[PDB]
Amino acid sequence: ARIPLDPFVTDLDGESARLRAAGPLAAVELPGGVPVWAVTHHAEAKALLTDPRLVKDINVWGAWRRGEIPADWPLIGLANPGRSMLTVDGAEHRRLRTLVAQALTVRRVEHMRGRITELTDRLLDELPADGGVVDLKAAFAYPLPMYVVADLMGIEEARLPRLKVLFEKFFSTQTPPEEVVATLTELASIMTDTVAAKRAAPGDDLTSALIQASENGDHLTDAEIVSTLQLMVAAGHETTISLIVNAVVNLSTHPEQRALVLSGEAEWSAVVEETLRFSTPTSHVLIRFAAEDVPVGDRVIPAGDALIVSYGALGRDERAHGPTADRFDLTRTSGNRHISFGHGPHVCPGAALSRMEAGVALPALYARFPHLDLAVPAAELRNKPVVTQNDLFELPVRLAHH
């Protein structure tokens, strides 16, 4: 009855359906045969996300304290990440979130609109005009979040060419494991240089702001700042890309809704929010452990067991959005907002940033290429082999009728 999560993501929607069916708490198996629990219903997910009994501390994981976890387990990196706001809870977590929130603010994001608009137009200018097939992901969606975050972080523009090469290697599924590790260090090198540069000469960027953040004398250490910058790249690059990609796929497959937005009858923000609910870029999130036995519906998560949050599956929970939860409809009016950015203390601090990027990129893209459409059947689109993410291999499209 256990549900094996396909690492090659050959059937995301089918898997999500099975997960909801086996919800609220579904017994699942992670790539490599590692069993864990997964909350697959909206209501139950929010409850656990705010339950102090479910912590990030990997030490609470029974199978962990033992030898049930293969040292070569591919997903070990997501299960046991480096120190950051991601690996802690309670007071330690509140400290990091409050300090970071003084830097990555709503205001800072609003003030990035102009720059995001400029980068978007620059990337659109680079798109071919021949009328042939173009991979909108590689040529538009992928590079945007990279340049935006670099600008936000205050990374020296002369380092961009190298940053691009590093990003390519770091996120490429074909990069040798050892090379990925080496690349992460060079990225850390650029981040550290940035922190050193801003300490030497403060400016109006996110790094300078992270340096200056303070709580009655308390502040972020160089290590905490660097781990935060690294986490923002790890958590916000591919997600933002997929948000843009999935939005284009959804509009392409729902003509009447695309029309509503192009005519101005529907807002672009509705495209973004429905895309986050219906096709979130983050299908599953590792990982939490029960410090004590925790009741979930008719079942119970034994103390020491693991729990992943299946945002992809619960996004279409009919108990939260009614009968039409199984389809894309940006005109819906549910009594429950989606929780694709999480819920509770660990709620995504990049929600405003991603919404701003997609909110600028999508309108600009369609204003210039109003007739853009998929160059292949939607069914022919495929996911990248990353079990926790909903990223497409590519986005073949024809910008205009050739």
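We number the residues from 1 along the sequence you see.
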query	finding
Entry-level comparison of average CA B-factors, 197-205 and 236-244, reporting the higher stretch	197-205
Mean Cα B-factor comparison, 142-150 or 163-171, giving the higher one as deposited	163-171
Out of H219, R316, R115, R95, highest CA B-factor residue	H219
Top Cα B factor in the deposited entry, candidates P35, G342, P349, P370	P35
Ranked C-alpha temperature factor of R288 among modelled chain residues, by third	middle
CA B-factor placement of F328, once the chain's modelled residues are sorted into thirds	middle
Chain thirds of CA B-factor: placement of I308	middle
Entry-reported Cα temperature factor of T40, expressed as the chain third it lands in	middle
Cα B factor band for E265 (lowest, middle or highest third within the chain)	middle
